[PDB]
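One structure is given here, and the rest of the page talks about it.
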Amino acid sequence: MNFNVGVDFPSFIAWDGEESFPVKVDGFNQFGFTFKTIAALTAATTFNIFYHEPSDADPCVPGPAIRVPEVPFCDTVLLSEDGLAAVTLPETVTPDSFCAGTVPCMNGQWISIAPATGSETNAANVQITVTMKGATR
Amino acid sequence: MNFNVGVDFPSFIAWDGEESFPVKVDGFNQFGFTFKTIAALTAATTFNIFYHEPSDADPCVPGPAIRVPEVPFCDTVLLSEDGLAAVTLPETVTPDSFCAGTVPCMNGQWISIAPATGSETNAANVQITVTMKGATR
Amino acid sequence: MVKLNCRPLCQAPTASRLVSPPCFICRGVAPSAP
Amino acid sequence: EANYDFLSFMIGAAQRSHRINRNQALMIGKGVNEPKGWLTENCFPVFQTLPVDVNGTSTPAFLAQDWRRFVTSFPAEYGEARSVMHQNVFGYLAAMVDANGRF
Amino acid sequence: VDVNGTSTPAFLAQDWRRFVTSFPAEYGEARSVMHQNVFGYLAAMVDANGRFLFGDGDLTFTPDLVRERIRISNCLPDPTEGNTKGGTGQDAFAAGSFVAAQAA
Amino acid sequence: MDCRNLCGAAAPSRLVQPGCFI
Numbered sequence: 001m002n003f004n005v006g007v008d009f010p011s012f013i014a015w016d017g018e019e020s021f022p023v024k025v026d027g028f029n030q031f032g033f034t035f036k037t038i039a040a041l042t043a044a045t046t047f048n049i050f051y052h053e054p055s056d057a058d059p060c061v062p063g064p065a066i067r068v069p070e071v072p073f074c075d076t077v078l079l080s081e082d083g084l085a086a087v088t089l090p091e092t093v094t095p096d097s098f099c100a101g102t103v104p105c106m107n108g109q110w111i112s113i114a115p116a117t118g119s120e121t122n123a124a125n126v127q128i129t130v131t132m133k134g135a136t137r
Numbered sequence: 001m002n003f004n005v006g007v008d009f010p011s012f013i014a015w016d017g018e019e020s021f022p023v024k025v026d027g028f029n030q031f032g033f034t035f036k037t038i039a040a041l042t043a044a045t046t047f048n049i050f051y052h053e054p055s056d057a058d059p060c061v062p063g064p065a066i067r068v069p070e071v072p073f074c075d076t077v078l079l080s081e082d083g084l085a086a087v088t089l090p091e092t093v094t095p096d097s098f099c100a101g102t103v104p105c106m107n108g109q110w111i112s113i114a115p116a117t118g119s120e121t122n123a124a125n126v127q128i129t130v131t132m133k134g135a136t137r
Numbered sequence: 001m002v003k004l005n006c007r008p009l010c011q012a013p014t015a016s017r018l019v020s021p022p023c024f025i026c027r028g029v030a031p032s033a034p
Numbered sequence: 260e261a262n263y264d265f266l267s268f269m270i271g272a273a274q275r276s277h278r279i280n281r282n283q284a285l286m287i288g289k290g291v292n293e294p295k296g297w298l299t300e301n302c303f304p305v306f307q308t309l310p311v312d313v314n315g316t317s318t319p320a321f322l323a324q325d326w327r328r329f330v331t332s333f334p335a336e337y338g339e340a341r342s343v344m345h346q347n348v349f350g351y352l353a354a355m356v357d358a359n360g361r362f
Numbered sequence: 311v312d313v314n315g316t317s318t319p320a321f322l323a324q325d326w327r328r329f330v331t332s333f334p335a336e337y338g339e340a341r342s343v344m345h346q347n348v349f350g351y352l353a354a355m356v357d358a359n360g361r362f363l364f365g366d367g368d369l370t371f372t373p374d375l376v377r378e379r380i381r382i383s384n385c386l387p388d389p390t391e392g393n394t395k396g397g398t399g400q401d402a403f404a405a406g407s408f409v410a411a412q413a414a
Numbered sequence: 001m002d003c004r005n006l007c008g009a010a011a012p013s014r015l016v017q018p019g020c021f022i
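Protein chains in written order, with PDB author numbering: chain z, 1 to 137; chain 1, 1 to 137; chain c, 1 to 34; chain h, 260 to 362; chain k, 311 to 414; chain f, 1 to 22.
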């Protein structure tokens, strides 16, 4: 008795192993992340979050990819040396285990994920996609 | 205040425009499909659906892609060539415009989507994902 | 809508075997030799 | 007519079929339209006894020691646990024999 | 203990009785502490005949440990690591692994 | 930051018992 859940929480590709994809998050108001590997990893992997602004040439296309600054919560013990938002998939994840994450503060209209340099080898086996929650219109 | 929605409706890739991937839904109870068009198409894009069963070699690996059967209901009066569940994204669908789909009756362990014979070149510019719901595992 | 109904004439018996747990064996004894 | 009441016969051998299929499902119900059987769910801790080598064969088997441990190895902090199996397995256990020949 | 020439470590009910009886009696009543894994590995002891060394003929061995002056625990080092390290081949107790204790 | 699993994969738990050790 499944419901059509394409009319609610529609997912979109973000990183298909070797290509980033800015997805529009304006109409939506909440969004998370699912990390799924197709093989085993070799070393720990890191992924950098970016965001785009509407390029003046057209309001419905992403502009450049500007960096996202991670905002600290309470009870924090460490900060990224630059303050920049980035997630990490730890080593020893078997490719039948999805992994969750979510940025607590949005900025821009298109979110994007890129393989942090020096870790793009495992990136191929990694696939990151995004789901959302709201329509608002 | 975007909740961590990785858990509580995650999702995975199903068809990256190049190849299919059976996405386990046996551990789930409700699910659905989300299409996405990246470029203007040429004609109606038909997609065959399939369901899989666990290989006797390993209960955690897909077997073959058995043909999911189309099921009718109250006003279903347009059955296909004896009934084989398969969908079709129509023409006149611009980019940044996602679609929704579902299968009324689940069968097997996981689902898979393939470009119907003749829609491959059009399928080259589509990306299809699957999103689950609620499950207790 | 004639519904059929059929029974056999002579029945055959049913035999079977009664295999039973084997000898007690040791899956490794301490005092032994190579 | 036809004195034997078919109505009550069916009213009985509908609930009987329902009950037996309910039990079968809740035991090994395979996902779709079948309540998930705890057998096929396969997230229970499952212990497999190691085989025995009879004159160099490494033949699978099962002796009373494994059973007694599998019963006792249950963490008592969870509470009282009951065991379920076939009567064939029970007769198999009651039919165990030592090397000398005694039960 | 020896096996096929190899001298892997092990533990026997004889050693357990030796340890529990070796307490200086004049001290006083000294109870013992151990993991349920150890008590299970013990109650599942089988002789060369094929008989259980304890509770012979009732498929389980269950004496009241209070009478047998044994308090049980479950977050002790548990020498049978994950209840899988009995030892005939590569399952040796890895000598240097706590087993049990006893004190007043 | 919160990670999951799909299959049980708890199949192999080979319990060992004290053989005839004498």
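Note that CB positions come from ideal geometry on N, CA and C, so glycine has one too.
Q: Note down, in chain order, each residue of its chain lying with its Cβ closer than 6 Å to the Cβ of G108 (chain 1), except the 5 sequence neighbours on either side.
A: Here residue 108 (chain 1) refers to the residue found at position 108 when the second sequence is read from its first residue. Only residues of its own chain outside the window of five on either side were considered, and among them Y51, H52 and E53 have a CB closer than 6 Å to the CB of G108 (chain 1), listed in chain order.
Q) Does the beta-carbon of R328 (chain h) have 16 or more other beta-carbons within 10 angstroms, so that it is buried, or is it exposed? A) To locate residue 328 (chain h), count along the fourth sequence from 1; it is residue 69. By the neighbour-count rule (16 or more Cβ atoms within 10 Å), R328 (chain h) is buried.
Q: Return the bridge partner residues of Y51 (chain 1) from the DSSP annotation.
A: Counted from its first residue, the second sequence places residue 51 (chain 1) at position 51. In DSSP, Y51 (chain 1) forms a bridge with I66 (chain 1) and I111 (chain 1).
Q. Closer than 7 Å, Cβ to any Cβ of chain 1: which residues of the segment 275-299 of chain h, in chain order?
A. The residues in question are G290 and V291.
Q) What residues of chain c sit near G8 (chain f), judged by a beta carbon separation below 7 Å? A) As a first step, residue 8 (chain f) must be located in the sixth sequence, where it is residue number 8. For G8 (chain f), there are no neighbours in chain c by C-beta distance under 7 Å, as the nearest C-beta there is about 27 Å away.
Q) Quick one: any contact between the segment 347-360 of chain h and the segment 374-389 of chain k, if contact means 3 or more CB pairs under 8 Å? A) Taking a cut-off of 8 Å for Cβ pairs, the segment 347-360 of chain h and the segment 374-389 of chain k do not touch, as fewer than three such pairs fall below it.
Q: Excluding the 5 residues preceding and the 5 following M269 (chain h) in the sequence, name in chain order all residues of the same chain whose CB lies nearer than 6 Å to its CB.
A: As a working note, residue 269 (chain h) is residue 10 in the fourth sequence. If the five residues before and after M269 (chain h) are omitted, its C-beta is found closer than 6 Å to no C-beta atom of its own chain.
Q: Please classify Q127 (chain 1): is it buried, with 16 or more other beta-carbons within 10 angstroms of its beta-carbon, or exposed?
A: Position 127 of the second sequence, counted from the start, is the residue given in the question as residue 127 (chain 1). It is buried - the Cβ of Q127 (chain 1) has at least 16 other Cβ atoms within 10 Å.
(Q) Excluding the 5 residues flanking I38 (chain z) on each side, which residues of the same chain have their C-beta closer than 6 Å to its C-beta? (A) Mapped onto the first sequence, residue 38 (chain z) falls at position 38. Around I38 (chain z): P95 and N125.
Q.
Using only the alpha-carbon positions, how far apart do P310 (chain h) and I49 (chain 1) sit?
A. Against the fourth sequence, residue 310 (chain h) aligns to sequence position 51. Against the second sequence, residue 49 (chain 1) aligns to sequence position 49. Cα-Cα distance, rounded: 44 Å.
Q | DSSP beta-bridge partners of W15 (chain z) | A | As a first step, residue 15 (chain z) is located in the first sequence; it is residue number 15 there, counting from the start. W15 (chain z) is bridged to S20 (chain z) and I128 (chain z).
Q. From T372 (chain k) to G338 (chain h), what distance separates their C-alpha atoms?
A. In the fifth sequence, residue 372 (chain k) corresponds to position 62, counting from 1. In the fourth sequence, residue 338 (chain h) corresponds to position 79, counting from 1. Looking at the two C-alpha atoms, the distance is approximately 15 Å.
(Q) DSSP three-state label for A123 (chain z), please. (A) Reading the first sequence from its first residue, position 123 is the one you call residue 123 (chain z). Note: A123 (chain z) maps to helix in three-state DSSP.
Q.
By alpha-carbon positions, which one of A340 (chain k), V356 (chain k), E391 (chain k) and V330 (chain k) ends up nearest to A323 (chain h)?
A. Against the fourth sequence, residue 323 (chain h) aligns to sequence position 64. Cα-wise, what sits closest to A323 (chain h) is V356 (chain k).
Q | Rounded C-alpha distance that separates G101 (chain 1) from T34 (chain 1) | A | Taking the second sequence and counting its residues from 1, one reaches residue 101 (chain 1) at position 101. Taking the second sequence and counting its residues from 1, one reaches residue 34 (chain 1) at position 34. Linking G101 (chain 1) to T34 (chain 1) through their CA atoms gives a straight-line distance of about 7 Å.
**Q.** Distance, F303 (chain h) Cα to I13 (chain 1) Cα
**A.** For the purposes of this step, residue 13 (chain 1) is identified with residue 13 of the second sequence, where counting begins at 1. For the purposes of this step, residue 303 (chain h) is identified with residue 44 of the fourth sequence, where counting begins at 1. When rounded, the separation of the alpha-carbon atoms in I13 (chain 1) and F303 (chain h) is 30 Å.
Q) DSSP state of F265 (chain h), grouped into three classes? A) Here residue 265 (chain h) is taken as the residue at index 6 of the fourth sequence, counted from 1. Looking at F265 (chain h) - three-state DSSP - the assignment turns out to be helix.
Q | Reduced DSSP category for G101 (chain z) - H, G, I as helix; E, B as strand; rest coil | A | Walking along the first sequence from the start, residue 101 (chain z) turns up at place 101. Correct three-state label for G101 (chain z): strand.
Q) Any heavy atom of the ligand SAM closer than 6 Å to the Cβ of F50 (chain z)? A) Ligands displayed in this structure: none; no statement on the ligand SAM is therefore possible.
Q) With contact counted as at least three CB pairs below 8 Å, one residue from each stretch, are the segment 105-124 of chain z and the segment 62-74 of chain z in contact? A) Contact holds: three or more Cβ-Cβ distances are below 8 Å.
Q | For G271 (chain h), three-class secondary structure by DSSP | A | Working through the fourth sequence from its first residue, we reach residue 271 (chain h) at position 12. DSSP places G271 (chain h) in helix when its eight states are reduced to three.
**Q.** CB contact check: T394 (chain k) to chain c, cutoff 7 Å
**A.** What you label residue 394 (chain k) is simply residue 84 of the fifth sequence in a count that begins at 1. Not closer than 7 Å to any Cβ of chain c, the Cβ of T394 (chain k) fails to qualify, so no.
Q: Per DSSP, which residues does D2 (chain f) bridge with? Please list them.
A: Within the sixth sequence, numbered from 1, the residue matching residue 2 (chain f) stands at position 2. Answer by DSSP bridge pairing, in chain order: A100 (chain z).
Q) Run through DSSP, which three-state label would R328 (chain k) get? A) Numbered from its first residue, the fifth sequence carries residue 328 (chain k) at position 18. In the structure shown, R328 (chain k) sits in a helix (DSSP, three-state: H, G or I).
Q) What residues in its chain sit with their C-beta under 6 Å from that of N122 (chain 1), if we drop five residues either side in the sequence? A) Position 122 of the second sequence, counted from the start, is the residue given in the question as residue 122 (chain 1). Contacts found: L41, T42 and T45.
Q. Since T136 (chain z) and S11 (chain z) are thought to touch, with beta carbons under 8 Å apart, how far apart are those beta carbons, to the nearest angstrom?
A. As a working note, residue 136 (chain z) is residue 136 in the first sequence. As a working note, residue 11 (chain z) is residue 11 in the first sequence. Not a contact, Cβ separation roughly 18 Å.
Q) Below 7 Å between beta carbons: does that hold for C20 (chain f) and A358 (chain k)? A) The count along the sixth sequence starts at 1 and reaches residue 20 (chain f) at position 20. The count along the fifth sequence starts at 1 and reaches residue 358 (chain k) at position 48. Yes. Within cutoff.
Q) Applying the criterion that 16 or more other CB atoms from any shown protein chain within 10 Å of the CB defines a buried residue, is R341 (chain h) buried or exposed? A) Stepping through the fourth sequence from its first residue, residue 341 (chain h) is reached at position 82. Looking at its Cβ environment, which holds fewer than 16 other Cβ atoms inside 10 Å, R341 (chain h) is exposed.
Q | Contact set for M344 (chain k): own chain, Cβ-Cβ below 8 Å, skip 5 residues either direction | A | For the purposes of this step, residue 344 (chain k) is taken as residue 34 along the fifth sequence, with counting starting at 1. Residues of the same chain with a CB within less than 8 Å of the CB of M344 (chain k), apart from the 5 flanking positions on each side, are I380, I382, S383, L386, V409, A410 and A411 in chain order.
**Q.** Same chain, Cβ closer than 6 Å to residue 138 (chain 1), five either side skipped, listed in chain order
**A.** Since the displayed chain 1 opens at 1 and closes at 137, residue 138 (chain 1) lies outside it and no answer follows.
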